[PDB]
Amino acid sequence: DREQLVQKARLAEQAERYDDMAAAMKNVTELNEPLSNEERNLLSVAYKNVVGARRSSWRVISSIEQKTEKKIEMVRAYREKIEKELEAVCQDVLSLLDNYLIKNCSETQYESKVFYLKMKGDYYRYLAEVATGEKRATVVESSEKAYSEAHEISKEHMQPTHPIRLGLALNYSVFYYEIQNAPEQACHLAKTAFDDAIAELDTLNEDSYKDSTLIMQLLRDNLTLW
């Protein structure tokens, strides 16, 4: 029963065993029933913690590899070893987003849909972070659509003070900056997000102020140093 599976995921979150929480949330989303917003966030941050651990470790052991006869072969093997783990978890959650969580949202569910599409774009960006040449272009395309579509959708059905829309705009801006290597478009979208957001600071709800104000502030920050 999912009623206790979500509780197991919450217990794993409390236990900082993010693999177990991501597994429980994978089970509850494989049960084909639609996901609550808090269960949405549970699965999202569980899987993002799981992949970000390997992201950080990959960063450190590839930075030292680029910094530097027989040990360099082993550090390259280790980088490939955890790269085949990062890509594995990425594709796992990507097919979780394709077979479920997207086909299970009608037109009246714009919010959840752009949530999952930003998830898809983020994980494809993480895949492109470790891809080279022919393996890169493809995912850089698969991210782009998965981003842009999402953008368009909530440019049509929710005001730019929503934390989900602002988070999608922020991840899109840093995708344009880091991967697409286009600081112009990144700065542009950061500006169109933050300005449109502050234009209606009235709509900041009592239960959504912290998240938005944070994301708007970090969008502004990224805009400063660029």
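From 1 onward, residues are counted along the sequence shown. Under this definition, the rigid core comprises the largest set of C-alpha atoms superposing within 1.5 Å between the forms.
Engineer: After a rigid core fit, does 194 to 202 or 26 to 34 show more C-alpha displacement in 8 other deposited structures of this protein?
Structural biologist: Once the cores are fitted, 194 to 202 deviates more in 8 other deposited structures of this protein.
Engineer: Say the other structures are aligned on the rigid core; which stretch then has the higher CA RMS in 8 other deposited structures of this protein, 98 to 106 or 119 to 127?
Structural biologist: Per-stretch check in 8 other deposited structures of this protein: the more divergent one is 98 to 106.
Engineer: In this entry, is the chain continuous from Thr68 to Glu69, or are deposited residues missing in between (none, 1 to 3, 4 to 9, 10 or more)?
Structural biologist: 4 to 9 residues lack coordinates between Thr68 and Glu69.
Engineer: In the PDB record, does 115 to 123 or 129 to 137 carry the higher mean Cα temperature factor?
Structural biologist: Here the higher of the two C-alpha B-factor means belongs to 129 to 137.
Engineer: Averaging only over Cα atoms, indicate whether 90 to 98 or 104 to 112 has the higher B-factor in the PDB entry.
Structural biologist: According to the entry, 104 to 112 carries the higher average C-alpha B-factor.
Engineer: Kindly indicate the residue among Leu43, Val51, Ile164, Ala197 with the greatest C-alpha B-factor in the PDB record.
Structural biologist: That would be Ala197, according to the entry.
Engineer: When the deposited Cα B-factors of this chain's modelled residues are ordered and cut into thirds, is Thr203 in the lowest, the middle or the highest one?
Structural biologist: Answer is highest: the recorded C-alpha B-factor places it there.
Engineer: Comparing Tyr172 with the other modelled residues of its chain, is its CA B-factor in the lowest, middle or highest third?
Structural biologist: Tercile = middle for this residue's CA B-factor.
Engineer: Divide the modelled residues of the chain into thirds by Cα B-factor and specify which third, lowest, middle or highest, holds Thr192.
Structural biologist: Highest third - that is where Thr192 ends up once the chain's C-alpha B-factors are sorted.
Engineer: Pull the Cα B-factor of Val28 out of the PDB entry and bin it into the chain's lowest, middle or highest third.
Structural biologist: As the PDB entry reports it, the C-alpha B-factor of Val28 lands in the middle third of its chain.
Engineer: Comparing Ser36 with the other modelled residues of its chain, is its CA B-factor in the lowest, middle or highest third?
Structural biologist: According to the entry, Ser36 has a C-alpha B-factor in the chain's lowest third.
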